[PDB]
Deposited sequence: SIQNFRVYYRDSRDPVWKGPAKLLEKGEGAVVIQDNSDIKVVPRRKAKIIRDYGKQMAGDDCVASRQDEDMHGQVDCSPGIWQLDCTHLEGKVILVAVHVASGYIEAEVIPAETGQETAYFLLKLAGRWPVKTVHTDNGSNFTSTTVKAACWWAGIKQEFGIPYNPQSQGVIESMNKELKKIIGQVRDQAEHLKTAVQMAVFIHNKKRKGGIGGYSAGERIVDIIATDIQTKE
């Protein structure tokens, strides 16, 4: 549960955005990639797995996610792949924020990182509200203590 991620590709302004969502927290990481290829997807995964404890990734049957480069990265990093709606709901919120801040950036990739920033740090409103960035840190912290 602490290491379950959903990955998918979305498209804006002719560019390819690779999105990773931590399922249990809603925390997201996203970046424009130069092409929707397995080579770029694998490099994305190696970065992600070196920063968060990635144990399982859920993707569709896209060619980039079934590539030999991605399967090798998952073998090297110890990631289990699963090709069987949190990402769609969270990505709809990412597209919402990208449109909010689009005029603040020249390049789309800059707006994407601005939107990722806002998404992960925006606290929930009421009593005891926390952000997605705070939720994933808490989830990983408690899993480490229960060694």
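Q: I have the full deposited sequence and the modelled structure. Can you tell me which residue ranges, counted from 1, have no C-alpha coordinates?
A: According to the record, the gaps fall at 1 to 77, 162 to 169, 233.
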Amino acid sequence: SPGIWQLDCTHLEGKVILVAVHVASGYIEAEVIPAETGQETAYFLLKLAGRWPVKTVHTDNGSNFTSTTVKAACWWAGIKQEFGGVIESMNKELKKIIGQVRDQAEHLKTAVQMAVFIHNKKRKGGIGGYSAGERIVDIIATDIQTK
From here on, numbers count along this sequence of modelled residues.
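Q: On mean Cα temperature factor in this entry, is 122 to 130 or 13 to 21 the higher one?
A: Mean C-alpha B-factor is greater for 122 to 130.
Q: On mean C-alpha B-factor from the PDB entry, just flag whether 50 to 58 or 91 to 99 is the higher one.
A: Result: 91 to 99.
Q: For the listed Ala42, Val86, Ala111, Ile28, which has the peak Cα B-factor recorded in the PDB entry?
A: Largest recorded C-alpha B-factor: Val86.
Q: Could you say whether, by C-alpha temperature factor, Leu7 belongs to the lowest, middle or highest third of its chain?
A: Lowest third of the chain for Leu7's C-alpha B-factor.
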